[PDB]
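Here, residue 1 is the first one in the sequence, and each next residue gets the next number. Just so you know, these numbers use all the heavy atoms, side chains as well, and skip hydrogens, waters and symmetry mates. Order of appearance sets the numbers: ligands from 1, and atoms from 1 within every ligand.
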Amino acid sequence: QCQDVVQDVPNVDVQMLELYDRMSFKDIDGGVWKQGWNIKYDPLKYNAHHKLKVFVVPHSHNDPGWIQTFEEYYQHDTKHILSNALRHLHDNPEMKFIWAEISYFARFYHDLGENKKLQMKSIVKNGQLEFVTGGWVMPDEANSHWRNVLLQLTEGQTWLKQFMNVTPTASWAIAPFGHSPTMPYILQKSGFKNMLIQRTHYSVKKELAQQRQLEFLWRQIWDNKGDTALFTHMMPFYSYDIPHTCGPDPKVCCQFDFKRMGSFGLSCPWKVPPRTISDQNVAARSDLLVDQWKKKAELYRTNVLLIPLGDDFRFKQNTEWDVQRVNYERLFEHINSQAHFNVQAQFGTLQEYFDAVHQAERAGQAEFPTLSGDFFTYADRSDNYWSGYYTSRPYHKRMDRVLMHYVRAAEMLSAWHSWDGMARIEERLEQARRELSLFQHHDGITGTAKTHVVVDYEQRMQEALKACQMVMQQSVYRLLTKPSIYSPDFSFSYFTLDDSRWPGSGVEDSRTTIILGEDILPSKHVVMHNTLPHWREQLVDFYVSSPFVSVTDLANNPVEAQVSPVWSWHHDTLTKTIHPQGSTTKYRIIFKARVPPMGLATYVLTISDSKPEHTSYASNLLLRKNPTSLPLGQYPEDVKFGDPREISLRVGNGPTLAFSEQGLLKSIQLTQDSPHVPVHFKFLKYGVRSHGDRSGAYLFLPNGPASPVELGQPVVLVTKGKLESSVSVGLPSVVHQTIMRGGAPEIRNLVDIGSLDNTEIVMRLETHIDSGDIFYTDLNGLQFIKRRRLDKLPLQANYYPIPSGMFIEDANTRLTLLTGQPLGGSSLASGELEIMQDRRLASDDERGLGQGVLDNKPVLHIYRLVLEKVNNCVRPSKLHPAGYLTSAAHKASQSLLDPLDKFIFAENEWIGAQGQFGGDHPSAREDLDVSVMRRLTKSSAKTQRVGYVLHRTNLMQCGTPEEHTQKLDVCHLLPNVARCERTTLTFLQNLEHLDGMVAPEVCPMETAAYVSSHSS
Ligand SMILES: CO[C@@H]1O[C@H](CO[C@H]2O[C@H](CS)[C@@H](O)[C@H](O)[C@@H]2O)[C@@H](O)[C@H](O[C@H]2O[C@H](CO)[C@@H](O)[C@H](O)[C@@H]2O)[C@@H]1O
Ligand SMILES: [Zn+2]
């Protein structure tokens, strides 16, 4: 019996949307704890029979790229930190240290000699060095897709299991800029028992501290029973550095950071330095320190206190290890010996802290509150909300989503077979997983790194894309060639990938033309891959060197096709207009590909001397005053011209779209009879303040509501075809395109902010929909959370991450915008949606980056726009904190994130070609996905193992019967199954041995992992 994720509102002690509605968010001076209050404690609370247990946990925050590249930091800092940790921990058995970033640890460990590897394993086994989380990175939680959060977690933990024989069950996330419930969701399904967070809004820290609700059982917003709950510790103060981790007064705590006495080039901003601990000062020093600890302890419910001891790239110098250790040892010896303190203090690890907290809990000493919700948008002080990084460096945010899909497709396509080592499949896939995993870092996908570091991430991701292409095309060639003919050269390109949306038209001329001709080559095979576990039809397009091309399947059945020109937009620096030019030698052919679940389908493109029977030609209409001619070579339809005017289009029996004379949507009519529902696209601009704090890579600090972009009299191009129609317009900084293929439109924006300094370009949708102050945005592509616009907070506080979609609705109507890239957005007034496209900022925003954002480059953003009637849908109650997509919106999101892959055969003739793969694969219910298929064993293993991650979303019931689908049992996808086991999501622990070797499908909103074992 599945939990109902719609109709049962969970009863939790703290529900973050409710808390937000009630809180005042006043920013008052609290004294030494600037954002809190003067903490008081009863000195008699602790006595001989009830002592305060203090764990001082040394740590070093190591960014895998930020102000330097990964490799620069490794050479200049991290390799020294790890080498000196090994020495100092070895030599000082009571000293402890925690480590989070496995990318660096793997980088270090593989360069060690065997003697040192053994010493390292010994300090891990004995518990002195403890891994926390164990992901490749400490990821961003706002822009990251859940699939990539899982990918990087798995990459780090798989390394740790293999080399260190440990799997962390406690997570440490001190640095991401706000926190998502997607983390406890994944962690709890990956064996975790505890997690720690830090960067939450200062007003939230104060509110929860006042109620001693900083430790809580964090469950998902829809979880009525609580089975998703994960114990979470929120740190109370402004920073994770030493001045903000000993207690509420940083002027005091800074005196206990022994790296700040002068020789290290560090000091205390509060103007009182640390002093070396001696017998003559230890009593006074201890009195000050214990007083800070007892104040911090007032904020929590047990007698066990966590004191982190660290900062960025700490514990480098041998002298630094000594200065911190020897001074703390003198403090501990004094404090622990003076009964009047009633304290036992020691170095500890994160797990030791949590174990002691839960021991106290079981002793009946505390009960913990339940909580649901998220912790966006973060503000660290005053009105400084960190909503800028939801958009910064949008080219690379888009690249993340492209690479996400290519990693999935490469792992899936190659999983079907075992490969010889000489094929280098495992090598290429490990590289691709690791570069994508690295980019999940909270300075990677966030767009908060220095320019040269962004370039490094981009180069790494480009290499990863090439690796995925190589693995994919080798796999296609194996899956579709007669086995007794197959003769692979593992270095050769049998196919090249054709991608219509990355980097994109107008971004890079990267696509190959299929060159056909009577005197060269009459025809070409192309292959589509469908990574989703259901049959899919989708229009696909290729560039071809003639308009006279027709399409067949590999039974030689004709397939209806449409040919259109190849249009490119040019900023004519002579005429000062932006206008399209057509190619006279290449054309686009478009046709519907029908592809099996997790399968492949082959088609053939053939040239003829004249218009083929089954190919039609789009009309083209250029709307502008003072047109000039647009010749198109052999294209059989002449371009038409007109003055700008409103126009309407309808493809198939789908919606009718109306456009303004400037080429922007104005209305959607769902059916023949229905109203033309106002739905109006508009581009606006935000600026930057001329006084006070400046927007930068992290912060969005607008100088008021956005102002309309002045459009002039833009050139509009209308292409009308039987299969696909479009309206494209060259606006200042944006070539905006609305594409119609018979269902929800697709929007593409080619965004080039050029040299517009101190500008943020936003795309807004204006409707009539009576949404009031409510809107919905997603978290990590996993779930939709209810948002309430709060006029008591500034504009930038009402911006949230849009990692994959957002919607507004009233009783009758919903408008959903799905995205192919994470961007920031909001609903700033009833009936509106808006999403930021790019931002160019001249100033640094005082968070450590030390530059503006002046490295913008053209990016092609993609979207789907779904207007729907929802009066018949079974929706959650008004008090439920979640929302859910319809079938059409979810399919539209899948169309953006996991499109069909397209392969063009490279050579002239493909001997032994086959027409299809996977025609016998089950076509699963629309709400179920095989998020991951990964072969886990190399070819030398007697018993092959294949891992699957299944995810089931939850779609609204709206009265569409949508019938008969087949059960998907992933354990029988490969033959000769000998065992099927449910595992943690990282595949690292077996949870259940499955009867009949059958992997059951999962419940709505659940994710499960299975591993099948095969004897042949
Ligand atoms: C809030 O500013 C923070 O400053 C530190 C600078 O750290 C270095 O100087 C300090 C102060 S004397 C030393 O004690 C340290 O050991 C270092 O040498 C930044 O490194 C820190 O960065 C963190 O937050 C930013 C966002 O503000 C992230 O982008 C980054 O990933 C990191 O987590 C911060 O700038
Ligand atoms: Zn960091």
Side-chain angles (χ1 to χ4, degrees), residues 34 58-70 73 76-78 80-81 99-101 103-104 132-133 135-144 172-179 197-200 202 235 237-246 250 253-271 273-274 308-317 319-321 323-324 378-381 384-389 392-393 438-450 453-454 457 693 696-699 844-851 853:
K34 282 265 162 273
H59 70 97
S60 176
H61 182 70
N62 285 245
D63 287 309
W66 179 37
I67 298 326
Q68 305 186 57
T69 63
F70 178 93
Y73 274 135
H76 305 152
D77 297 277
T78 305
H80 303 294
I81 294 165
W99 194 266
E101 304 88 0
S103 56
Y104 279 125
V132 292
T133 310
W136 204 239
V137 301
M138 179 184 296
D140 179 34
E141 302 180 19
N143 299 295
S144 53
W172 175 258
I174 54 166
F177 320 140
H179 295 278
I197 65 175
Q198 155 62 22
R199 282 195 192 261
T200 61
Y202 61 89
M235 294 169 53
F237 302 134
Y238 162 80
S239 171
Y240 56 71
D241 67 9
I242 294 165
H244 300 86
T245 47
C246 100
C253 295
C254 196
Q255 300 172 53
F256 296 89
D257 184 352
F258 295 92
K259 201 182 182 173
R260 300 185 186 236
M261 305 185 276
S263 67
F264 296 95
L266 303 175
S267 57
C268 283
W270 302 272
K271 299 178 185 206
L309 187 80
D311 203 343
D312 289 7
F313 295 98
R314 287 300 189 94
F315 295 100
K316 185 183 171 177
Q317 309 99 315
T319 54
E320 177 190 358
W321 280 89
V323 84
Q324 299 286 29
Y378 174 57
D380 58 345
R381 61 188 170 88
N384 291 193
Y385 288 82
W386 296 43
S387 44
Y389 83 97
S392 298
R393 280 61 175 267
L438 189 75
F439 194 59
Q440 308 310 303
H441 170 48
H442 61 267
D443 301 300
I445 190 172
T446 60
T448 55
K450 283 195 171 295
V453 179
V454 176
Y457 290 137
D693 297 331
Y698 303 85
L699 303 189
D844 176 67
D845 53 358
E846 313 181 320
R847 297 309 187 279
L849 172 56
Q851 58 163 90
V853 176

Q. Between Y378 and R199, does any side-chain donor sit less than 3.5 Å from a side-chain acceptor?
A. yes
Q) Is there a donor-acceptor contact under 3.5 Å from the side chain of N143 to the main chain of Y389? A) yes
**Q.** Any donor-acceptor pair under 3.5 Å from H442 side chain to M138 backbone
**A.** yes
Q.
Checking side-chain polar atoms at under 3.5 Å, does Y240 have a donor or acceptor matched by the opposite partner on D312?
A. yes
Q) When you check the space around the Zn ion (ligand 2), which protein N, O or S atoms turn up under 2.8 Å? A) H61 NE2, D63 OD1, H442 NE2
Q.
Can you list every protein residue that has a heavy atom under 4.0 Å from any atom of ligand 1, sorted by chain and residue number?
A. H61, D63, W66, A175, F177, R199, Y240, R260, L266, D311, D312, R314, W386, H442, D443, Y698, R847, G848
Q: With rounding to the nearest 0.5 Å, note down the distance linking CG in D693 to CG in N384.
A: 4.5 Å
**Q.** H244: which of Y202, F256, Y238 passes ring pair (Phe, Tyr, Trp, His ring centres under 6.0 Å)
**A.** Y238
Q) Does the side chain of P139 come within less than 4.5 Å of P176's, by heavy atoms? A) no
Q | Name of the residue among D845, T448, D380 meeting side chain to side chain donor-acceptor pair (under 3.5 Å) with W386 | A | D380
Q) Does a side chain donor of either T446 or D140 reach within less than 3.5 Å of an acceptor in the other side chain? A) no
